[PDB]
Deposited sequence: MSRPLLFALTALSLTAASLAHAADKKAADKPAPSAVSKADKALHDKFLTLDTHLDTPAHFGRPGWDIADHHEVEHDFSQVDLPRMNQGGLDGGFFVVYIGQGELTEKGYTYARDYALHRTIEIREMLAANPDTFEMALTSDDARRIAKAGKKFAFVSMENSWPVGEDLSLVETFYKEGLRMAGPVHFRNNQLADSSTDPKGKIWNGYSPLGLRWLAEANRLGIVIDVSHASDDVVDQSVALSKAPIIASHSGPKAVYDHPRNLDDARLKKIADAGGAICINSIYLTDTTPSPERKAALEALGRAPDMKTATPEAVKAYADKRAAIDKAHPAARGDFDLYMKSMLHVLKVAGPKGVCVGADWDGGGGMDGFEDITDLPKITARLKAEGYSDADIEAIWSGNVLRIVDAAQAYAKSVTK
């Protein structure tokens, strides 16, 4: 709807968890090209950012949880460094359309120049190993938001989803030092994936507001990956925010009825995409729809307020629902917010204001020391 795009276009938009960097190392993949989620599996690229009115976001440096050993740590360090480098290479290859942002002023300046701004975030800090000086290493290369853990516990903190249960009851002693270093450098702490203990300790100990880069409310869907109302409010009352995820909102159990993207031939990739597409069409996956996404956002808005909510759909990280396939559908969020009675001020806060405020606060504290 051109009417929706017009309204949407008036706001500075950003998503706090673009997993798109996972595609950067794919042979011949170019963010400048237009892709189809059905054929490429990607949900983000420049053409679609323009079509969906997405002005920028936090490009994720993500790594799955591996061994808590010296070999695991060295592997993780190198892997994350390389993923960070891939992001910097994308930016170096697209200077006229993209630019790295380190501060909120950078974001606004880049936006005014007509370019997409790219902040850098980390999902799973397993890569720092036992050497916290690596946090600054990543900071020097652009890191401005980081979560200590992913799906399983690591040397820094407990995950909300580890099948083996808790081991630290929040942050490990090393993790507490990690939190202190993130605060000192001015990196926004991301609790998405972390256990409730980590959330509680983060709010209690962090010198700056924290964030949940991609989470939801247990009130809408009871899953460890979501937060109860009390914690949503706690994060918000401390100046933080929760960015709305598009998954963990419904039972995805499938009805009774992949190649290495970094080395597979373009034909091979097309092959699986085609088979997959047919399967998804014959027996659609249970993902919920756009109304469900707004149901989640609206509930968090009620509990955390318009200043404690943001957008983090998990694009390229498994996100997506019926009527919310990729970023081209983002304008629908702005439409529903208006239709729900939210002012432009609140919509602006939700699309970027709240996140940029959190970034400012984190970096303000860092400067103060």
| item | value |
| --- | --- |
| Deposited-sequence stretches lacking C-alpha coordinates, listed in sequence order | 1-36, 294-303, 416-417 |
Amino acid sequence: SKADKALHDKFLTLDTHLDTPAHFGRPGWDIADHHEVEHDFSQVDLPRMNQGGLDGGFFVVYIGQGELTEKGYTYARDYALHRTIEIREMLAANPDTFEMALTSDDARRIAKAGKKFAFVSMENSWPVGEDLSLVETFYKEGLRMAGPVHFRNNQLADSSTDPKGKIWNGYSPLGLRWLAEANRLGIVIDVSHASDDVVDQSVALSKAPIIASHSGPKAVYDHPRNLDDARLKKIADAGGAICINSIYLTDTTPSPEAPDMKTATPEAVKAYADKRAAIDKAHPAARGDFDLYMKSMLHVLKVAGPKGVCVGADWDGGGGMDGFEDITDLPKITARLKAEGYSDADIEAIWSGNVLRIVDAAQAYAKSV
From here on, numbers count along this sequence of modelled residues.
{"property": "39-47 versus 308-316 - which carries the larger mean C-alpha B factor in the record", "result": "39-47"}
{"property": "Of 328-336 and 53-61, the stretch whose C-alpha atoms average the higher B-factor in the entry", "result": "328-336"}
{"property": "Selection by C-alpha B-factor (highest) of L18, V355, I347, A361", "result": "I347"}
{"property": "Residue selected from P284, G72, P173, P148 by maximal Cα B factor", "result": "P284"}
{"property": "CA B-factor placement of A118, once the chain's modelled residues are sorted into thirds", "result": "middle"}
{"property": "Position of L143 among the chain's modelled residues by C-alpha B-factor, lowest, middle or highest third", "result": "lowest"}
{"property": "Ranked C-alpha temperature factor of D228 among modelled chain residues, by third", "result": "middle"}
{"property": "Assigned third (lowest, middle, highest) for the C-alpha B factor of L102", "result": "middle"}
{"property": "Cα B factor band for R184 (lowest, middle or highest third within the chain)", "result": "lowest"}
